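Text of the file coords23.cif, holding mmCIF, C-alpha atoms and all ligand atoms:
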data_model
#
loop_
_atom_site.group_PDB
_atom_site.id
_atom_site.type_symbol
_atom_site.label_atom_id
_atom_site.label_comp_id
_atom_site.auth_asym_id
_atom_site.auth_seq_id
_atom_site.Cartn_x
_atom_site.Cartn_y
_atom_site.Cartn_z
ATOM 1 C CA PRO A 1 0.000 0.000 0.000
ATOM 2 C CA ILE A 2 0.921 3.682 0.379
ATOM 3 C CA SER A 3 3.151 3.823 3.453
ATOM 4 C CA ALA A 4 4.355 6.954 5.216
ATOM 5 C CA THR A 5 7.950 6.182 4.214
ATOM 6 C CA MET A 6 7.305 6.314 0.467
ATOM 7 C CA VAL A 7 5.036 9.368 0.562
ATOM 8 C CA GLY A 8 7.591 11.124 2.769
ATOM 9 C CA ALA A 9 10.437 10.251 0.413
ATOM 10 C CA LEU A 10 8.450 11.474 -2.592
ATOM 11 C CA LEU A 11 7.565 14.704 -0.780
ATOM 12 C CA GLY A 12 11.205 15.279 0.168
ATOM 13 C CA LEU A 13 12.443 14.708 -3.373
ATOM 14 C CA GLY A 14 9.654 16.926 -4.682
ATOM 15 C CA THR A 15 10.458 19.784 -2.323
ATOM 16 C CA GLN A 16 14.179 19.555 -3.103
ATOM 17 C CA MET A 17 13.534 19.701 -6.849
ATOM 18 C CA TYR A 18 10.927 22.432 -6.285
ATOM 19 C CA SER A 19 13.534 24.496 -4.440
ATOM 20 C CA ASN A 20 15.988 23.907 -7.285
ATOM 21 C CA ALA A 21 13.373 24.966 -9.845
ATOM 22 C CA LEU A 22 12.466 28.114 -7.893
ATOM 23 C CA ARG A 23 16.097 29.285 -8.136
ATOM 24 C CA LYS A 24 16.283 28.763 -11.935
ATOM 25 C CA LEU A 25 18.705 25.856 -11.397
ATOM 26 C CA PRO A 26 18.533 22.383 -12.949
ATOM 27 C CA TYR A 27 16.239 20.000 -11.096
ATOM 28 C CA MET A 28 19.019 17.581 -10.103
ATOM 29 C CA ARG A 29 21.615 20.245 -9.343
ATOM 30 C CA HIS A 30 23.128 18.674 -6.214
ATOM 31 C CA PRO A 31 22.273 14.945 -6.158
ATOM 32 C CA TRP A 32 23.282 14.399 -2.520
ATOM 33 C CA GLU A 33 20.782 16.830 -1.023
ATOM 34 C CA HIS A 34 18.037 15.078 -2.994
ATOM 35 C CA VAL A 35 18.861 11.921 -1.022
ATOM 36 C CA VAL A 36 19.021 14.008 2.157
ATOM 37 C CA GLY A 37 15.587 15.442 1.391
ATOM 38 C CA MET A 38 14.140 11.993 0.723
ATOM 39 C CA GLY A 39 15.436 10.782 4.078
ATOM 40 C CA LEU A 40 14.149 13.837 5.933
ATOM 41 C CA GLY A 41 10.743 13.530 4.284
ATOM 42 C CA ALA A 42 10.457 9.864 5.232
ATOM 43 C CA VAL A 43 11.447 10.653 8.822
ATOM 44 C CA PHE A 44 8.995 13.558 9.026
ATOM 45 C CA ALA A 45 6.098 11.514 7.631
ATOM 46 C CA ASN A 46 6.732 8.641 10.043
ATOM 47 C CA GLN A 47 6.994 11.055 12.973
ATOM 48 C CA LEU A 48 3.798 12.788 11.840
ATOM 49 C CA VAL A 49 1.858 9.514 11.863
ATOM 50 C CA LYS A 50 3.329 8.526 15.235
ATOM 51 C CA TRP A 51 2.375 11.929 16.648
ATOM 52 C CA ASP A 52 -1.119 11.776 15.136
ATOM 53 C CA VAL A 53 -1.894 8.486 16.893
ATOM 54 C CA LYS A 54 -0.827 9.843 20.293
ATOM 55 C CA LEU A 55 -2.664 13.107 19.617
ATOM 56 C CA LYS A 56 -5.903 11.235 18.926
ATOM 57 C CA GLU A 57 -5.448 9.169 22.096
ATOM 58 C CA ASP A 58 -4.949 12.314 24.185
ATOM 59 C CA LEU A 59 -7.965 13.975 22.560
ATOM 60 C CA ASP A 60 -10.063 10.918 23.414
ATOM 61 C CA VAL A 61 -8.904 11.071 27.041
ATOM 62 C CA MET A 62 -9.658 14.795 27.320
ATOM 63 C CA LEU A 63 -13.095 14.354 25.750
ATOM 64 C CA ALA A 64 -13.862 11.496 28.139
ATOM 65 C CA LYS A 65 -12.939 13.771 31.048
ATOM 66 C CA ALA A 66 -15.120 16.576 29.667
ATOM 67 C CA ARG A 67 -18.089 14.244 29.172
ATOM 68 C CA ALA A 68 -17.667 12.863 32.695
ATOM 69 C CA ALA A 69 -17.591 16.405 34.089
ATOM 70 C CA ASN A 70 -20.728 17.356 32.151
ATOM 71 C CA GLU A 71 -22.589 14.189 33.167
ATOM 72 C CA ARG A 72 -22.270 15.062 36.867
ATOM 73 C CA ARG A 73 -24.592 18.054 36.358
ATOM 74 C CA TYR A 74 -27.583 15.696 36.544
ATOM 75 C CA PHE A 75 -26.853 14.737 40.169
ATOM 76 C CA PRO B 1 60.468 56.685 -38.307
ATOM 77 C CA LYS B 2 61.550 54.088 -35.730
ATOM 78 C CA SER B 3 61.377 50.560 -37.223
ATOM 79 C CA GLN B 4 62.601 49.278 -33.855
ATOM 80 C CA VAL B 5 60.832 47.064 -31.309
ATOM 81 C CA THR B 6 61.958 45.704 -27.941
ATOM 82 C CA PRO B 7 60.704 42.152 -27.280
ATOM 83 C CA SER B 8 59.857 41.459 -23.649
ATOM 84 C CA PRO B 9 61.594 38.434 -22.069
ATOM 85 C CA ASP B 10 58.735 37.941 -19.575
ATOM 86 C CA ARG B 11 56.022 37.789 -22.251
ATOM 87 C CA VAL B 12 53.949 34.608 -22.084
ATOM 88 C CA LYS B 13 53.697 32.628 -25.323
ATOM 89 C CA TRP B 14 51.328 29.990 -23.898
ATOM 90 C CA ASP B 15 48.843 30.645 -21.089
ATOM 91 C CA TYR B 16 48.015 27.275 -19.533
ATOM 92 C CA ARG B 17 44.868 28.873 -18.093
ATOM 93 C CA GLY B 18 43.688 29.737 -21.593
ATOM 94 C CA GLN B 19 41.560 32.797 -22.176
ATOM 95 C CA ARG B 20 39.452 33.761 -19.172
ATOM 96 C CA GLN B 21 35.807 34.047 -20.196
ATOM 97 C CA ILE B 22 34.707 36.626 -17.597
ATOM 98 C CA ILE B 23 37.044 39.629 -17.592
ATOM 99 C CA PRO B 24 36.207 42.219 -14.910
ATOM 100 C CA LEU B 25 37.348 45.777 -15.589
ATOM 101 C CA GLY B 26 37.940 47.418 -12.230
ATOM 102 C CA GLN B 27 34.584 47.353 -10.456
ATOM 103 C CA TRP B 28 32.626 46.308 -13.570
ATOM 104 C CA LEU B 29 31.978 42.564 -13.326
ATOM 105 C CA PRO B 30 29.921 40.889 -16.087
ATOM 106 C CA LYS B 31 26.668 39.494 -14.707
ATOM 107 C CA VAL B 32 25.492 36.190 -16.196
ATOM 108 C CA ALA B 33 22.197 34.642 -15.141
ATOM 109 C CA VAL B 34 22.207 31.047 -13.913
ATOM 110 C CA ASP B 35 19.667 30.115 -16.609
ATOM 111 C CA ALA B 36 21.760 31.712 -19.382
ATOM 112 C CA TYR B 37 24.118 29.658 -21.548
ATOM 113 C CA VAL B 38 27.454 31.289 -22.391
ATOM 114 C CA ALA B 39 29.776 29.245 -24.577
ATOM 115 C CA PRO B 40 33.262 28.536 -23.172
ATOM 116 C CA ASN B 41 34.808 30.374 -26.144
ATOM 117 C CA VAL B 42 32.944 33.607 -25.318
ATOM 118 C CA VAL B 43 34.724 36.649 -23.885
ATOM 119 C CA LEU B 44 32.695 38.998 -21.672
ATOM 120 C CA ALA B 45 34.643 42.140 -20.760
ATOM 121 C CA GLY B 46 33.465 45.127 -18.766
ATOM 122 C CA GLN B 47 29.859 45.776 -17.758
ATOM 123 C CA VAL B 48 27.934 43.126 -19.699
ATOM 124 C CA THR B 49 24.585 41.817 -18.452
ATOM 125 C CA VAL B 50 23.135 38.516 -19.686
ATOM 126 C CA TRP B 51 19.601 37.812 -18.508
ATOM 127 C CA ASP B 52 17.506 34.672 -18.051
ATOM 128 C CA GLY B 53 16.997 32.445 -21.072
ATOM 129 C CA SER B 54 19.602 34.385 -23.050
ATOM 130 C CA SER B 55 22.398 32.589 -24.865
ATOM 131 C CA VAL B 56 25.794 33.594 -26.255
ATOM 132 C CA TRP B 57 27.441 31.233 -28.720
ATOM 133 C CA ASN B 58 30.968 30.327 -29.776
ATOM 134 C CA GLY B 59 33.424 33.046 -30.726
ATOM 135 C CA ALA B 60 31.255 35.944 -29.577
ATOM 136 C CA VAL B 61 32.945 38.960 -27.985
ATOM 137 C CA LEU B 62 30.878 41.287 -25.783
ATOM 138 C CA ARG B 63 33.153 44.158 -24.727
ATOM 139 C CA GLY B 64 31.276 46.509 -22.423
ATOM 140 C CA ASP B 65 34.368 48.509 -21.532
ATOM 141 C CA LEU B 66 33.056 51.863 -22.778
ATOM 142 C CA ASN B 67 29.291 51.686 -22.186
ATOM 143 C CA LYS B 68 26.788 49.113 -20.943
ATOM 144 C CA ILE B 69 25.810 45.998 -22.894
ATOM 145 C CA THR B 70 22.565 44.198 -22.080
ATOM 146 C CA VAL B 71 21.180 40.973 -23.553
ATOM 147 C CA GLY B 72 17.476 40.523 -22.923
ATOM 148 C CA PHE B 73 15.218 37.654 -21.946
ATOM 149 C CA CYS B 74 15.349 34.702 -24.378
ATOM 150 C CA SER B 75 17.447 36.787 -26.788
ATOM 151 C CA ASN B 76 20.441 35.060 -28.350
ATOM 152 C CA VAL B 77 23.782 36.274 -29.712
ATOM 153 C CA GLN B 78 24.976 33.656 -32.180
ATOM 154 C CA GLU B 79 28.400 32.471 -33.319
ATOM 155 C CA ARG B 80 31.296 34.918 -33.701
ATOM 156 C CA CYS B 81 29.266 38.064 -33.042
ATOM 157 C CA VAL B 82 31.085 41.178 -31.835
ATOM 158 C CA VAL B 83 28.921 43.370 -29.595
ATOM 159 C CA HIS B 84 30.584 46.639 -28.605
ATOM 160 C CA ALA B 85 29.481 49.927 -27.064
ATOM 161 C CA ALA B 86 30.650 53.489 -27.679
ATOM 162 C CA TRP B 87 30.754 56.545 -25.434
ATOM 163 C CA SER B 88 28.062 58.396 -27.395
HETATM 164 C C1 LIG A 101 0.045 15.135 2.347
HETATM 165 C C2 LIG A 101 0.219 13.776 1.612
HETATM 166 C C3 LIG A 101 -1.158 13.048 1.551
HETATM 167 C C4 LIG A 101 -0.956 11.524 1.744
HETATM 168 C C5 LIG A 101 -2.164 10.944 2.518
HETATM 169 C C6 LIG A 101 -2.984 10.017 1.580
HETATM 170 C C7 LIG A 101 -2.184 8.683 1.340
HETATM 171 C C8 LIG A 101 -2.652 7.587 2.411
HETATM 172 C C9 LIG A 101 -1.419 7.206 3.323
HETATM 173 C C10 LIG A 101 -1.535 8.025 4.682
HETATM 174 C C11 LIG A 101 -0.656 7.380 5.821
HETATM 175 C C12 LIG A 101 0.710 8.211 5.958
HETATM 176 C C13 LIG A 101 0.412 9.716 6.251
HETATM 177 C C14 LIG A 101 1.268 10.613 5.247
HETATM 178 C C15 LIG A 101 1.644 11.953 5.932
HETATM 179 C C16 LIG A 101 1.804 13.050 4.838
HETATM 180 C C17 LIG A 101 3.295 13.473 4.742
HETATM 181 C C18 LIG A 101 3.578 14.669 5.717
HETATM 182 C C19 LIG A 101 4.823 15.459 5.205
HETATM 183 C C20 LIG A 101 6.013 14.463 5.009
HETATM 184 C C21 LIG A 101 7.186 15.192 4.331
HETATM 185 C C22 LIG A 101 -1.509 7.453 7.204
HETATM 186 O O1 LIG A 101 -2.888 7.013 6.913
HETATM 187 C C23 LIG A 101 -3.421 6.232 7.857
HETATM 188 O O2 LIG A 101 -2.900 6.675 9.229
HETATM 189 C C24 LIG A 101 -3.727 6.157 10.354
HETATM 190 C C25 LIG A 101 -3.092 6.581 11.657
HETATM 191 O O3 LIG A 101 -2.496 5.462 12.262
HETATM 192 C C26 LIG A 101 -5.115 6.679 10.295
HETATM 193 O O4 LIG A 101 -6.073 5.569 10.639
HETATM 194 C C27 LIG A 101 -6.821 5.968 11.722
HETATM 195 O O5 LIG A 101 -5.977 5.918 12.944
HETATM 196 C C28 LIG A 101 -6.750 6.054 14.197
HETATM 197 C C29 LIG A 101 -6.124 7.141 15.044
HETATM 198 O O6 LIG A 101 -5.793 6.616 16.299
HETATM 199 C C30 LIG A 101 -8.212 6.400 13.956
HETATM 200 O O7 LIG A 101 -8.901 6.407 15.216
HETATM 201 C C31 LIG A 101 -8.870 5.421 13.046
HETATM 202 O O8 LIG A 101 -10.136 5.981 12.598
HETATM 203 C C32 LIG A 101 -8.051 5.085 11.853
HETATM 204 O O9 LIG A 101 -7.617 3.712 11.959
HETATM 205 C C33 LIG A 101 -5.467 7.218 8.986
HETATM 206 O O10 LIG A 101 -4.889 8.559 8.863
HETATM 207 C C34 LIG A 101 -4.965 6.384 7.843
HETATM 208 O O11 LIG A 101 -5.559 5.101 7.919
HETATM 209 C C35 LIG A 101 -0.315 5.827 5.484
HETATM 210 O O12 LIG A 101 -0.270 5.035 6.716
HETATM 211 C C36 LIG A 101 1.012 4.936 7.309
HETATM 212 O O13 LIG A 101 0.891 5.064 8.774
HETATM 213 C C37 LIG A 101 0.667 3.789 9.537
HETATM 214 C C38 LIG A 101 -0.764 3.343 9.373
HETATM 215 O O14 LIG A 101 -1.485 3.663 10.530
HETATM 216 C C39 LIG A 101 1.613 2.672 9.126
HETATM 217 O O15 LIG A 101 2.509 2.289 10.251
HETATM 218 C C40 LIG A 101 1.832 2.132 11.433
HETATM 219 O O16 LIG A 101 2.719 2.541 12.553
HETATM 220 C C41 LIG A 101 2.038 2.453 13.866
HETATM 221 C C42 LIG A 101 1.150 3.662 14.039
HETATM 222 O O17 LIG A 101 1.851 4.660 14.758
HETATM 223 C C43 LIG A 101 1.191 1.191 13.992
HETATM 224 O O18 LIG A 101 1.398 0.620 15.293
HETATM 225 C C44 LIG A 101 1.554 0.177 12.962
HETATM 226 O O19 LIG A 101 0.714 -0.998 13.147
HETATM 227 C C45 LIG A 101 1.370 0.685 11.577
HETATM 228 O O20 LIG A 101 2.123 -0.149 10.674
HETATM 229 C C46 LIG A 101 2.478 3.071 8.006
HETATM 230 O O21 LIG A 101 3.196 1.905 7.530
HETATM 231 C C47 LIG A 101 1.688 3.657 6.874
HETATM 232 O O22 LIG A 101 0.683 2.715 6.467
HETATM 233 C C1 LIG A 102 5.077 20.587 5.167
HETATM 234 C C2 LIG A 102 4.577 19.958 3.869
HETATM 235 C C3 LIG A 102 5.599 18.941 3.369
HETATM 236 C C4 LIG A 102 6.798 19.671 2.771
HETATM 237 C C5 LIG A 102 7.894 18.661 2.439
HETATM 238 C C6 LIG A 102 8.758 18.425 3.676
HETATM 239 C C7 LIG A 102 9.874 17.442 3.335
HETATM 240 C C8 LIG A 102 10.875 17.390 4.486
HETATM 241 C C9 LIG A 102 11.896 18.511 4.317
HETATM 242 C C10 LIG A 102 12.754 18.229 3.086
HETATM 243 C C11 LIG A 102 13.835 19.300 2.963
HETATM 244 C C12 LIG A 102 14.782 18.927 1.826
HETATM 245 C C13 LIG A 102 15.917 19.944 1.752
HETATM 246 C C14 LIG A 102 17.167 19.268 1.195
HETATM 247 C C15 LIG A 102 18.340 19.523 2.138
HETATM 248 C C16 LIG A 102 19.058 20.801 1.714
HETATM 249 C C17 LIG A 102 19.539 21.548 2.954
HETATM 250 C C18 LIG A 102 20.838 22.282 2.630
HETATM 251 C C19 LIG A 102 20.813 23.667 3.269
HETATM 252 C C20 LIG A 102 22.242 24.099 3.590
HETATM 253 O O1 LIG A 102 23.149 23.452 3.185
HETATM 254 O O2 LIG A 102 22.482 25.229 4.385
HETATM 255 C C21 LIG A 102 22.568 26.480 3.750
HETATM 256 C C22 LIG A 102 21.230 27.206 3.866
HETATM 257 O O3 LIG A 102 20.497 26.654 4.919
HETATM 258 C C23 LIG A 102 19.150 26.439 4.614
HETATM 259 O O4 LIG A 102 18.778 26.530 3.494
HETATM 260 C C24 LIG A 102 18.152 26.093 5.714
HETATM 261 C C25 LIG A 102 16.774 26.584 5.284
HETATM 262 C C26 LIG A 102 15.744 26.253 6.361
HETATM 263 C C27 LIG A 102 14.546 27.185 6.211
HETATM 264 C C28 LIG A 102 13.540 26.930 7.331
HETATM 265 C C29 LIG A 102 14.253 26.850 8.680
HETATM 266 C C30 LIG A 102 13.312 26.218 9.701
HETATM 267 C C31 LIG A 102 12.142 27.165 9.957
HETATM 268 C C32 LIG A 102 11.046 26.430 10.725
HETATM 269 C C33 LIG A 102 10.107 25.741 9.738
HETATM 270 C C34 LIG A 102 9.541 26.770 8.763
HETATM 271 C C35 LIG A 102 8.313 27.439 9.377
HETATM 272 C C36 LIG A 102 7.262 26.380 9.700
HETATM 273 C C37 LIG A 102 6.193 26.981 10.609
HETATM 274 C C38 LIG A 102 22.956 26.364 2.278
HETATM 275 O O5 LIG A 102 23.725 27.473 1.921
HETATM 276 P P1 LIG A 102 23.876 27.833 0.325
HETATM 277 O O6 LIG A 102 24.995 27.014 -0.267
HETATM 278 O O7 LIG A 102 22.585 27.509 -0.379
HETATM 279 O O8 LIG A 102 24.206 29.436 0.155
HETATM 280 C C39 LIG A 102 23.822 30.311 1.177
HETATM 281 C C40 LIG A 102 22.302 30.362 1.281
HETATM 282 N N1 LIG A 102 21.931 30.899 2.577
#

Is it possible to express this structure as structure tokens?
Ligand SMILES: CCCCCCCCCCC(CCCCCCCCCC)(CO[C@H]1O[C@@H](CO)[C@H](O[C@@H]2O[C@@H](CO)[C@H](O)[C@@H](O)[C@@H]2O)[C@@H](O)[C@@H]1O)CO[C@H]1O[C@@H](CO)[C@H](O[C@@H]2O[C@@H](CO)[C@H](O)[C@@H](O)[C@@H]2O)[C@@H](O)[C@H]1O
Ligand SMILES: CCCCCCCCCCCCCCCCCCCC(=O)O[C@H](COC(=O)CCCCCCCCCCCCCC)COP(=O)(O)OCCN
Amino acid sequence: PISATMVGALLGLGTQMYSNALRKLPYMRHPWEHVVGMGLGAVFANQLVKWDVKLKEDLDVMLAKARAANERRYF
Amino acid sequence: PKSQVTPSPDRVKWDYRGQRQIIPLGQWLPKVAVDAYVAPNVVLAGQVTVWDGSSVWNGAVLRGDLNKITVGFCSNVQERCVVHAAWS
């Protein structure tokens, strides 16, 4: 399927070549920073997914606390 | 009438560096855009500006020593073209 690693690598390569294009340079000007960008994009995508899971868990906990606080109004 | 010349013993008969393509004249440095193609045989002297998409081809000399020389967007100066500027 579409994993976070591959979408991150594609986004990193795309942003590196987009930066190269924006400066009127050839797309593959410096090949090493393309690899660096692919690695950074993969890392960022994986960290984003890992953070999203924890963020949803914390939101669920906070909403459970809020619902429990509201429910006590009926006593 | 003289008919007399004095050869210099320090004159160089072969420059291993070849001819330098960009020749700055004092504070005038030729400006070449990163998107512009300038052939390795080209000589740019003085204040010469080459813009985006422009191209200068083999054997061309662009001496902007006297006045300014400007090559526009996507405009090309082809092979062995001498572009020079006068005071007035
Ligand atoms: C802008 C580009 C648009 C691309 C998106 C469309 C393409 C679809 C792929 C989107 C994609 C990557 C996100 C890309 C980030 C963008 C890059 C950011 C900039 C980078 C430069 C996330 O997509 C999935 O992520 C899930 C979150 O886990 C979510 O499911 C919801 O979760 C619940 C919440 O708790 C909800 O309650 C519930 O309703 C849903 O179940 C959904 O978002 C979705 O199913 C692909 O999934 C990737 O993440 C996980 C799978 O999870 C995989 O690894 C996981 O790791 C552990 C979990 O940490 C797990 O332990 C492990 O078992 C698992 O293997 C990866 O291998 C890969 O598959
Ligand atoms: C988010 C949607 C997904 C987007 C895709 C994300 C993908 C992950 C990121 C991929 C990045 C790929 C980049 C390839 C690596 C190239 C880095 C080389 C930079 C470098 O060598 O350092 C000097 C400049 O520093 C720099 O260029 C550093 C620039 C950093 C700018 C931002 C700094 C962090 C700010 C915080 C984030 C931005 C705000 C967010 C709210 C270069 O020097 P030189 O040779 O070019 O010449 C002098 C120019 N100065």

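Selection of all polymer residues within 7 Å of ligand LIG 102 (chain A) on the basis of all atoms listed in the file gives residues 8, 11, 12, 15, 16, 33, 34, 36, 37, 38, 40, 41 and 44 of chain A.
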
Next item on the list: Enumerate residues in contact with ligand LIG 101 (chain A): an atom-to-atom distance of at most 9 Å, counting all atoms listed in the file. Format the result as a PyMOL selection string.
Entry: chain A and resi 1-12+15+37-38+40-57

Check: Residues of chain B within 9 Å of chain A, using only C-alpha atoms, as an NGL selection string?
Finding: :B and (33-35 or 52)

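We find CA of residue 71 in chain B and CA of residue 56 in chain B to be spaced 9.1 Å apart.
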
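If all atoms listed in the file are the atoms counted, then among B:40, B:46, B:26, B:53 the closest residue to residue 65 in chain B is B:46.
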
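For the pair CA of residue 42 in chain B and CA of residue 14 in chain B, the interatomic distance is 18.8 Å.
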
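The two atoms in question, CA of residue 30 in chain B and CA of residue 51 in chain B, are spaced 11.0 Å apart.
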
Next item on the list: Might you pull out every residue within 12 Å of residue 19 in chain B, with all atoms listed in the file counted and same-chain residues fewer than 2 positions away left off, and present them as a ChimeraX atom specification?
Entry: /B:14-17,21-23,40-45,59

For the selection just defined, write its residues with C-alpha atoms to a file, as a CSV table (one decimal), in the coordinates of the input.
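Done, and the output landed in selection_35.csv:
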chain,number,residue,atom,x,y,z
B,14,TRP,CA,51.3,30.0,-23.9
B,15,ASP,CA,48.8,30.6,-21.1
B,16,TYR,CA,48.0,27.3,-19.5
B,17,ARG,CA,44.9,28.9,-18.1
B,21,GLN,CA,35.8,34.0,-20.2
B,22,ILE,CA,34.7,36.6,-17.6
B,23,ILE,CA,37.0,39.6,-17.6
B,40,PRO,CA,33.3,28.5,-23.2
B,41,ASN,CA,34.8,30.4,-26.1
B,42,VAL,CA,32.9,33.6,-25.3
B,43,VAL,CA,34.7,36.6,-23.9
B,44,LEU,CA,32.7,39.0,-21.7
B,45,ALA,CA,34.6,42.1,-20.8
B,59,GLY,CA,33.4,33.0,-30.7

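For the choices A:64, A:20, A:72, A:13, the atom-to-atom distance to residue 35 in chain A is smallest for A:13 when using all atoms listed in the file.
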
Margin query: When you look at residue 84 in chain B with a cut-off of 8 Å (counting all atoms listed in the file), what residues show up, excluding the ones that are within fewer than 5 positions of it in the same chain? I need them as an NGL selection string.
Written below: :B and (62-64 or 69)

For the file shown, report as a tab-separated table (two decimals) with C-alpha atoms, in the coordinates of the input the outcome of the PyMOL selection byres (((chain B and resi 57) around 9) and not hetatm) at residue level.
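Writing the result to selection_33.tsv gives the following:
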chain	number	residue	atom	x	y	z
B	37	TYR	CA	24.12	29.66	-21.55
B	38	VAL	CA	27.45	31.29	-22.39
B	39	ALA	CA	29.78	29.24	-24.58
B	40	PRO	CA	33.26	28.54	-23.17
B	41	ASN	CA	34.81	30.37	-26.14
B	42	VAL	CA	32.94	33.61	-25.32
B	55	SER	CA	22.40	32.59	-24.86
B	56	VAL	CA	25.79	33.59	-26.26
B	58	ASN	CA	30.97	30.33	-29.78
B	59	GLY	CA	33.42	33.05	-30.73
B	60	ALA	CA	31.26	35.94	-29.58
B	76	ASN	CA	20.44	35.06	-28.35
B	77	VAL	CA	23.78	36.27	-29.71
B	78	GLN	CA	24.98	33.66	-32.18
B	79	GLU	CA	28.40	32.47	-33.32
B	80	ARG	CA	31.30	34.92	-33.70
B	81	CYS	CA	29.27	38.06	-33.04

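Considering the residues B:32, B:74, B:5, B:82 and counting all atoms listed in the file, residue 48 in chain B has its shortest atom-to-atom contact with B:32.
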
How would range 14-32 of chain A look with N, CA and C atoms restored, written as a PDB file, in the frame of the given file?
ATOM      1  N   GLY A  14      10.405  15.885  -4.010  1.00  0.00           N
ATOM      2  CA  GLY A  14       9.654  16.926  -4.682  1.00  0.00           C
ATOM      3  C   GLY A  14       9.984  18.312  -4.171  1.00  0.00           C
ATOM      4  N   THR A  15      10.138  18.463  -2.853  1.00  0.00           N
ATOM      5  CA  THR A  15      10.458  19.784  -2.323  1.00  0.00           C
ATOM      6  C   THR A  15      11.892  20.182  -2.640  1.00  0.00           C
ATOM      7  N   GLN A  16      12.821  19.224  -2.681  1.00  0.00           N
ATOM      8  CA  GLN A  16      14.179  19.555  -3.103  1.00  0.00           C
ATOM      9  C   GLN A  16      14.205  20.029  -4.553  1.00  0.00           C
ATOM     10  N   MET A  17      13.529  19.301  -5.446  1.00  0.00           N
ATOM     11  CA  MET A  17      13.534  19.701  -6.849  1.00  0.00           C
ATOM     12  C   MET A  17      12.699  20.956  -7.080  1.00  0.00           C
ATOM     13  N   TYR A  18      11.696  21.194  -6.234  1.00  0.00           N
ATOM     14  CA  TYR A  18      10.927  22.432  -6.285  1.00  0.00           C
ATOM     15  C   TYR A  18      11.781  23.620  -5.869  1.00  0.00           C
ATOM     16  N   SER A  19      12.599  23.449  -4.829  1.00  0.00           N
ATOM     17  CA  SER A  19      13.534  24.496  -4.440  1.00  0.00           C
ATOM     18  C   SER A  19      14.542  24.768  -5.545  1.00  0.00           C
ATOM     19  N   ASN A  20      15.052  23.710  -6.180  1.00  0.00           N
ATOM     20  CA  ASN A  20      15.988  23.907  -7.285  1.00  0.00           C
ATOM     21  C   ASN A  20      15.327  24.637  -8.447  1.00  0.00           C
ATOM     22  N   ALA A  21      14.077  24.293  -8.758  1.00  0.00           N
ATOM     23  CA  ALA A  21      13.373  24.966  -9.845  1.00  0.00           C
ATOM     24  C   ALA A  21      13.122  26.434  -9.527  1.00  0.00           C
ATOM     25  N   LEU A  22      12.776  26.741  -8.274  1.00  0.00           N
ATOM     26  CA  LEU A  22      12.466  28.114  -7.893  1.00  0.00           C
ATOM     27  C   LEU A  22      13.664  29.041  -8.034  1.00  0.00           C
ATOM     28  N   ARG A  23      14.879  28.498  -8.015  1.00  0.00           N
ATOM     29  CA  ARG A  23      16.097  29.285  -8.136  1.00  0.00           C
ATOM     30  C   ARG A  23      16.672  29.259  -9.545  1.00  0.00           C
ATOM     31  N   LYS A  24      15.891  28.813 -10.528  1.00  0.00           N
ATOM     32  CA  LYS A  24      16.283  28.763 -11.935  1.00  0.00           C
ATOM     33  C   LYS A  24      17.439  27.800 -12.183  1.00  0.00           C
ATOM     34  N   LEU A  25      17.665  26.863 -11.274  1.00  0.00           N
ATOM     35  CA  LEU A  25      18.705  25.856 -11.397  1.00  0.00           C
ATOM     36  C   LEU A  25      18.143  24.573 -11.990  1.00  0.00           C
ATOM     37  N   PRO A  26      19.004  23.700 -12.514  1.00  0.00           N
ATOM     38  CA  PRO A  26      18.533  22.383 -12.949  1.00  0.00           C
ATOM     39  C   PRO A  26      17.920  21.611 -11.790  1.00  0.00           C
ATOM     40  N   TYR A  27      16.971  20.734 -12.124  1.00  0.00           N
ATOM     41  CA  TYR A  27      16.239  20.000 -11.096  1.00  0.00           C
ATOM     42  C   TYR A  27      17.184  19.187 -10.220  1.00  0.00           C
ATOM     43  N   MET A  28      18.053  18.397 -10.839  1.00  0.00           N
ATOM     44  CA  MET A  28      19.019  17.581 -10.103  1.00  0.00           C
ATOM     45  C   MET A  28      20.375  18.281 -10.033  1.00  0.00           C
ATOM     46  N   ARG A  29      20.374  19.487  -9.462  1.00  0.00           N
ATOM     47  CA  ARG A  29      21.615  20.245  -9.343  1.00  0.00           C
ATOM     48  C   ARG A  29      22.608  19.529  -8.435  1.00  0.00           C
ATOM     49  N   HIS A  30      22.259  19.366  -7.162  1.00  0.00           N
ATOM     50  CA  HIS A  30      23.128  18.674  -6.214  1.00  0.00           C
ATOM     51  C   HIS A  30      22.491  17.344  -5.845  1.00  0.00           C
ATOM     52  N   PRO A  31      22.960  16.225  -6.398  1.00  0.00           N
ATOM     53  CA  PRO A  31      22.273  14.945  -6.158  1.00  0.00           C
ATOM     54  C   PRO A  31      22.242  14.507  -4.703  1.00  0.00           C
ATOM     55  N   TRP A  32      23.225  14.900  -3.891  1.00  0.00           N
ATOM     56  CA  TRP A  32      23.282  14.399  -2.520  1.00  0.00           C
ATOM     57  C   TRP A  32      22.164  14.978  -1.661  1.00  0.00           C
TER      58      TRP A  32
END
